[PDB]
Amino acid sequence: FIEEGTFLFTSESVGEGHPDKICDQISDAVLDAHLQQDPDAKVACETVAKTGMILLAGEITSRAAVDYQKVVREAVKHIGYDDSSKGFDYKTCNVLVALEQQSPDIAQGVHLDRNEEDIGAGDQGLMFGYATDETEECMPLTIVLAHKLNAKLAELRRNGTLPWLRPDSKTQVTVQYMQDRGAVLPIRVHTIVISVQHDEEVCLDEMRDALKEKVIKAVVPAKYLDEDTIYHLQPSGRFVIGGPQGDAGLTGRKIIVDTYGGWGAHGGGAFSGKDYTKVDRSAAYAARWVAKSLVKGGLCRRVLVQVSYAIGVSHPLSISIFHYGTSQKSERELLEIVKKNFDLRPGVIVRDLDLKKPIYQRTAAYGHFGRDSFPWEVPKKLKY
């Protein structure tokens, strides 16, 4: 039963060994390796994963000397794919590279002979930032719980207490919310899905019991779970084949997992493998920073920000703020506050958010937002 004024919302997350997420992490390991040697590296590194194969494809212009074999294989090792029995092995997989320089036509139109603050956007596009006061970290509970379920699986795999676990996993959480003057209040968890790759020996009942008792109960507060919560645990019945062997991975195929779990809005751009001149990442990070600053500044409880760019043009084409009815300020007033406090040119975002720093591999699993006090998660004190 859904009481009037309440509603359901669902988000998902995936683990570090999910094949798409493998690709995001490798793309960002490559980015970080370049940035460690050349803070101004121009990087657009896609990764593709299938059985036995990591392929890097894209465009990099950089003064760095990067050992792609080592970078790729160390990222896969970190994830946990270290033996043919698990379906993938960093020691013995194929690493292919189809990397060229950045197009000179892009370079000339974006950054050649431009003052850093006045570099053009590296592409056109639209980006959104979102924040919600329903959790301290200003993220939707649906996505936070989904991420934490995957993190718990990785924790119990790595600590050896559930040694039948393997790195590829997916989770999904449906929460019922109460409307509260434009904001939302979580009531209960309606449905949880967990699927995780596993060894050939463990049986379904052992896995389902462990997923409930050692994963869900260790993550989701009991106050949100009741006798009617629906659990779909290993619903396919068998998930021995996994990782890239089970399903091809590509960079930028988990963009909703990377952001807000379907809340807010999304402009379509992927984050991983891209340096700060690619506004798909830098402007989305800055828009998150704006949104979170508006909420933590007490101006909104819930807020969406849209920005957009034209390739070669530094300033956003427009900015808009939607507060869901949760501000006493008007949309015009909030925009004025944002314009007075933020400069969303990529060549200024880079300074404010320290986006030449090689921290990107850390962003590439468990969402880019709501964790670890990255610069875009530290609210700006607003003057108005």
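For clarity, a rigid core is taken as the largest C-alpha set superposing within 1.5 Å between two forms. Numbering starts at 1 and follows the sequence shown.
In a rigid core superposition of the other structures in 7 other deposited structures of this protein, 329-337 and 349-357 differ in how far their CA atoms stray, and the farther one is 329-337. On average the C-alpha atoms of 291-299 have higher B-factors than those of the other stretch, with 291-299 and 123-131 being the two compared. Between the stretches 251-259 and 179-187, it is 179-187 that shows the larger average CA temperature factor. Taking only the listed residues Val305, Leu99, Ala270, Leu162, the entry reports the highest CA temperature factor at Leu162.
The entry assigns its greatest Cα B factor, within the set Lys148, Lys170, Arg73, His266, to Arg73. For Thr142, the recorded CA temperature factor ranks within the lowest third of the chain's modelled residues. The deposited CA B-factor of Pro221 belongs to the highest third of values across its chain. Per the deposited record, the Cα B-factor of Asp24 falls in the lowest third when ranked against the other modelled residues of its chain. When all modelled residues of the chain are sorted by CA temperature factor, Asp32 is found within the middle third. Per the PDB record, residue ranking by Cα B-factor puts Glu213 in the highest third of the chain.
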